[PDB]
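K.L.:
Before I ask anything, here is the structure I am working with.
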Amino acid sequence: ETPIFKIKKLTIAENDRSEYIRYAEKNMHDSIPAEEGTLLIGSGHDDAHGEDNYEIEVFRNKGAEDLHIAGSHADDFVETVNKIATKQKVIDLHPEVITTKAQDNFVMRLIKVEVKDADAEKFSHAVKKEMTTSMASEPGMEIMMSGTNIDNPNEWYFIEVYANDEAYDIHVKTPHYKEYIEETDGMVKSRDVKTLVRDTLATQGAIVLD
């Protein structure tokens with residue numbers, strides 16, 4: 001049925017991040033490829049606010065998510081996070097487009113975009129065109145995922161992983177990106193970007209759900 005796409009903002013003292021990363025790495029390693037329904041597990045910390053970790057999970061469906069949650073490695077991760085995190089916030093997303101390539105210099109960006117209610121459908125189509133062409137044409141684009149907040153359909157979250165800074169620079173200069181920014185001008189009310197330092201990232205190969 002509908003895939004599960006969640007982002008967990010976990011505020012953890014920079015002093016406790018090594019313990020966090022150990023359990024984050026075990027969670028990733030023991031989940032992929034062992035769990036058939038686990039499509040992506042990863043985590044990155046805000047380059048500007050090192051205490052903020054953004055843990056990203058994608059499952060085939062709710063059932064797959066539950067199977068993951070029942071795993072010992074998932075128990076260990078949540079126990080660890082509950083023990084050390086001063087704040088936690090879970091963002092549940094309705095997946096729109098989820099694209100990945102299979103598997104140091106990686107650039108990871110988390111973008112929150114508020115879209116005007118009247119432009120929901122037009123925006124969705126525009127961003128799908130851009131993401132699909134980027135994944136088909138840019139070898140430096142590793143992961144591109146989009147979803148809308150279940151609690152507010154006009155709030156979009158994007159996760160973009162680029163191979164390096166060069167891939168990022170190229171991405172904004174393509175013909176398809178130019179089209180995207182013209183088409184969506186006036187549809188976007190606000191855009192908040194967090195540049196994350198990748199700590200963990202794994203996927204169950206090349207995924208293309210649009």
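Identifiers in this document derive from the order of the structure tokens: chains are assigned A, B, ..., residues are numbered from 1 separately in each chain, and ligands are numbered from 1 in order of occurrence.
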Going by DSSP on the backbone, which residues of range 19-116 of chain A come out as strand (DSSP E or B)? List them as a ChimeraX atom specification.

P.N.:
/A:38-46,52-59,85-100,107-115

K.L.:
Which polymer residues have any atom within 8 Å of an atom of range 120-134 of chain A, counting only C-alpha atoms, with same-chain residues fewer than 5 positions away left out, as a VMD selection string?

P.N.:
chain A and resid 96 to 97 99 115 141 144 154 171 176 to 177 180 183 to 184 187 210

K.L.:
Quick one: everything within 10 Å of residue 30 in chain A, counting only C-alpha atoms, minus sequence neighbours fewer than 6 positions away in the same chain. Send it as a list in words.

P.N.:
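The residues satisfying every condition are residues 68, 71, 72, 73 and 74 of chain A.
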
K.L.:
Write to file, as a PDB file, in the first residue's frame, the residues of the selection just made, with N, CA and C atoms.

P.N.:
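Output file again.pdb is given in full below:
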ATOM      1  N   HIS A  68      10.168  -3.815  11.189  1.00  0.00           N
ATOM      2  CA  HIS A  68      11.409  -3.113  11.553  1.00  0.00           C
ATOM      3  C   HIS A  68      11.455  -2.766  13.052  1.00  0.00           C
ATOM      4  N   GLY A  71      12.481  -5.388  15.491  1.00  0.00           N
ATOM      5  CA  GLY A  71      13.872  -5.842  15.451  1.00  0.00           C
ATOM      6  C   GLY A  71      14.684  -5.377  16.648  1.00  0.00           C
ATOM      7  N   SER A  72      15.583  -6.241  17.120  1.00  0.00           N
ATOM      8  CA  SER A  72      16.422  -5.944  18.290  1.00  0.00           C
ATOM      9  C   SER A  72      17.264  -4.682  18.094  1.00  0.00           C
ATOM     10  N   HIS A  73      17.794  -4.521  16.889  1.00  0.00           N
ATOM     11  CA  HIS A  73      18.592  -3.348  16.481  1.00  0.00           C
ATOM     12  C   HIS A  73      17.774  -2.034  16.538  1.00  0.00           C
ATOM     13  N   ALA A  74      16.488  -2.126  16.205  1.00  0.00           N
ATOM     14  CA  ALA A  74      15.565  -0.972  16.271  1.00  0.00           C
ATOM     15  C   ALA A  74      15.277  -0.643  17.733  1.00  0.00           C
TER      16      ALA A  74
END

K.L.:
Smallest atom-to-atom distance to residue 40 in chain A: which of A:170, A:181, A:28, A:136, using only C-alpha atoms?

P.N.:
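Result for the nearest residue to residue 40 in chain A: A:28.
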
K.L.:
Just how far from CA of residue 16 in chain A is CA of residue 86 in chain A, in Å to one decimal?

P.N.:
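Result for CA of residue 86 in chain A versus CA of residue 16 in chain A: 11.0 Å, one decimal.
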
K.L.:
Give me, as a list in words, all polymer residues having an atom no more than 12 Å from residue 163 in chain A, counting only C-alpha atoms and skipping those fewer than 3 positions away in the same chain.

P.N.:
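Listing them by chain and then by number gives residues 101, 103, 104, 105, 106, 107, 108, 109, 138, 139, 140, 141, 142, 143, 144, 160, 166, 167, 168, 169, 170, 171 and 198 of chain A.
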
K.L.:
Need the shell around residue 3 in chain A: protein/DNA/RNA residues with any atom at most 6 Å away, counting only C-alpha atoms. Skip same-chain ones fewer than 6 positions apart. Format as an mmCIF file with N, CA, C and O atoms, in the first residue's frame?

P.N.:
data_model
loop_
_atom_site.group_PDB
_atom_site.id
_atom_site.type_symbol
_atom_site.label_atom_id
_atom_site.label_comp_id
_atom_site.auth_asym_id
_atom_site.auth_seq_id
_atom_site.Cartn_x
_atom_site.Cartn_y
_atom_site.Cartn_z
ATOM 1 N N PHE A 59 9.855 2.917 4.505
ATOM 2 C CA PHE A 59 9.398 1.512 4.501
ATOM 3 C C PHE A 59 8.379 1.324 3.398
ATOM 4 O O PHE A 59 7.681 2.270 3.029
ATOM 5 N N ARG A 60 8.259 0.086 2.909
ATOM 6 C CA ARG A 60 7.306 -0.229 1.832
ATOM 7 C C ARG A 60 5.860 0.096 2.222
ATOM 8 O O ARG A 60 5.068 0.507 1.378
ATOM 9 N N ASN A 61 5.541 -0.106 3.502
ATOM 10 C CA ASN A 61 4.215 0.160 4.057
ATOM 11 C C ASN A 61 4.275 0.096 5.586
ATOM 12 O O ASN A 61 5.335 -0.186 6.153
#

K.L.:
Measuring between only C-alpha atoms, which one of A:80, A:9, A:58, A:157 shows the shortest distance to residue 32 in chain A?

P.N.:
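Ranking A:80, A:9, A:58, A:157 by distance to residue 32 in chain A, first place goes to A:58.
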
K.L.:
For residue 92 in chain A, which residue out of A:22, A:112, A:49, A:8 is the nearest one, using only C-alpha atoms?

P.N.:
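Closest to residue 92 in chain A, using only C-alpha atoms: A:8.
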
K.L.:
Quick one: pick out all alpha helix (DSSP H) residues within range 16-112 of chain A from a backbone DSSP run and write them as a VMD selection string.

P.N.:
chain A and resid 17 to 31 62 to 69 72 to 84

K.L.:
Store the residues of this selection in a file with C-alpha atoms, as a compact mmCIF listing (two decimals), in the first residue's frame.

P.N.:
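Saved to part26.txt:
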# COMPACT_ATOMS: atom_id res chain seq x y z
CA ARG A 17 26.73 11.79 19.34
CA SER A 18 29.32 8.92 19.17
CA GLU A 19 26.99 6.60 21.17
CA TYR A 20 24.10 7.75 18.95
CA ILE A 21 26.09 7.05 15.75
CA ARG A 22 27.11 3.57 16.99
CA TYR A 23 23.45 2.57 17.40
CA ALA A 24 22.39 4.44 14.25
CA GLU A 25 25.01 2.45 12.27
CA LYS A 26 23.87 -0.89 13.79
CA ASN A 27 20.23 0.00 13.02
CA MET A 28 21.15 0.72 9.37
CA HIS A 29 23.42 -2.33 9.02
CA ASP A 30 20.98 -4.81 10.62
CA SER A 31 17.94 -3.43 8.72
CA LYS A 62 3.01 0.34 7.70
CA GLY A 63 3.37 -3.45 8.03
CA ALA A 64 7.03 -3.26 6.99
CA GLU A 65 7.57 -0.43 9.50
CA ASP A 66 6.16 -2.63 12.31
CA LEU A 67 8.48 -5.53 11.37
CA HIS A 68 11.41 -3.11 11.55
CA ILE A 69 10.26 -1.75 14.94
CA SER A 72 16.42 -5.94 18.29
CA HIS A 73 18.59 -3.35 16.48
CA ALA A 74 15.57 -0.97 16.27
CA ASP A 75 14.88 -1.53 20.01
CA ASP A 76 18.53 -0.71 20.78
CA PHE A 77 18.36 2.48 18.66
CA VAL A 78 15.13 3.78 20.25
CA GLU A 79 16.34 2.90 23.80
CA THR A 80 19.56 4.78 23.08
CA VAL A 81 17.78 7.83 21.61
CA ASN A 82 15.27 7.96 24.51
CA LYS A 83 18.15 7.75 26.97
CA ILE A 84 20.22 10.60 25.45

K.L.:
Go ahead and compute the interatomic distance for CA of residue 37 in chain A and CA of residue 205 in chain A, in Å to one decimal.

P.N.:
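A separation of 12.2 Å between them.
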
K.L.:
Select, from A:165, A:52, A:192, A:199, the residue with the minimum atom-to-atom distance to residue 114 in chain A, counting only C-alpha atoms.

P.N.:
A:192

K.L.:
Taking only C-alpha atoms into account, which of A:10, A:189, A:1, A:202 comes nearest residue 33 in chain A?

P.N.:
A:202

K.L.:
What gap, in Å, lies between CA of residue 110 in chain A and CA of residue 85 in chain A?

P.N.:
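Between CA of residue 110 in chain A and CA of residue 85 in chain A the gap works out to 20.2 Å.
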
K.L.:
Which of these residues is nearest to residue 87 in chain A, using only C-alpha atoms: A:13, A:34, A:135, A:193?

P.N.:
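With only C-alpha atoms as the atom set, the closest residue is A:13.
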
K.L.:
Extract, using only C-alpha atoms, all DNA, RNA and protein residues at most 9 Å from residue 5 in chain A, discarding same-chain residues fewer than 5 positions from it, and format them as a ChimeraX atom specification.

P.N.:
/A:56-59,91-95,146-147

K.L.:
Can you write out the residues you just picked, keeping N, CA and C atoms, as a PDB file, in the first residue's frame?

P.N.:
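This went into out14.pdb:
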ATOM      1  N   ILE A  56      16.190   9.556   9.090  1.00  0.00           N
ATOM      2  CA  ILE A  56      15.275   9.381   7.965  1.00  0.00           C
ATOM      3  C   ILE A  56      15.027   7.898   7.737  1.00  0.00           C
ATOM      4  N   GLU A  57      13.749   7.522   7.626  1.00  0.00           N
ATOM      5  CA  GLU A  57      13.349   6.117   7.412  1.00  0.00           C
ATOM      6  C   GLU A  57      12.248   6.016   6.386  1.00  0.00           C
ATOM      7  N   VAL A  58      12.397   5.053   5.470  1.00  0.00           N
ATOM      8  CA  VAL A  58      11.417   4.775   4.430  1.00  0.00           C
ATOM      9  C   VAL A  58      11.140   3.283   4.428  1.00  0.00           C
ATOM     10  N   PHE A  59       9.855   2.917   4.505  1.00  0.00           N
ATOM     11  CA  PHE A  59       9.398   1.512   4.501  1.00  0.00           C
ATOM     12  C   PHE A  59       8.379   1.324   3.398  1.00  0.00           C
ATOM     13  N   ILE A  91       8.163  13.797  12.210  1.00  0.00           N
ATOM     14  CA  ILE A  91       7.416  14.340  11.081  1.00  0.00           C
ATOM     15  C   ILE A  91       7.022  13.141  10.223  1.00  0.00           C
ATOM     16  N   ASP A  92       5.711  12.877  10.123  1.00  0.00           N
ATOM     17  CA  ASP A  92       5.160  11.804   9.283  1.00  0.00           C
ATOM     18  C   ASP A  92       4.808  12.438   7.954  1.00  0.00           C
ATOM     19  N   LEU A  93       5.333  11.864   6.872  1.00  0.00           N
ATOM     20  CA  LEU A  93       5.109  12.387   5.517  1.00  0.00           C
ATOM     21  C   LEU A  93       4.310  11.455   4.641  1.00  0.00           C
ATOM     22  N   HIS A  94       3.407  12.040   3.840  1.00  0.00           N
ATOM     23  CA  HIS A  94       2.724  11.309   2.794  1.00  0.00           C
ATOM     24  C   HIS A  94       3.731  11.334   1.622  1.00  0.00           C
ATOM     25  N   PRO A  95       4.258  10.171   1.191  1.00  0.00           N
ATOM     26  CA  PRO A  95       5.271  10.204   0.125  1.00  0.00           C
ATOM     27  C   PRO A  95       4.718  10.675  -1.209  1.00  0.00           C
ATOM     28  N   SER A 146      10.580  13.351  -1.655  1.00  0.00           N
ATOM     29  CA  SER A 146       9.646  14.391  -1.312  1.00  0.00           C
ATOM     30  C   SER A 146       8.426  13.798  -0.646  1.00  0.00           C
ATOM     31  N   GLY A 147       7.854  14.584   0.251  1.00  0.00           N
ATOM     32  CA  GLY A 147       6.630  14.185   0.927  1.00  0.00           C
ATOM     33  C   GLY A 147       5.960  15.374   1.534  1.00  0.00           C
TER      34      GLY A 147
END
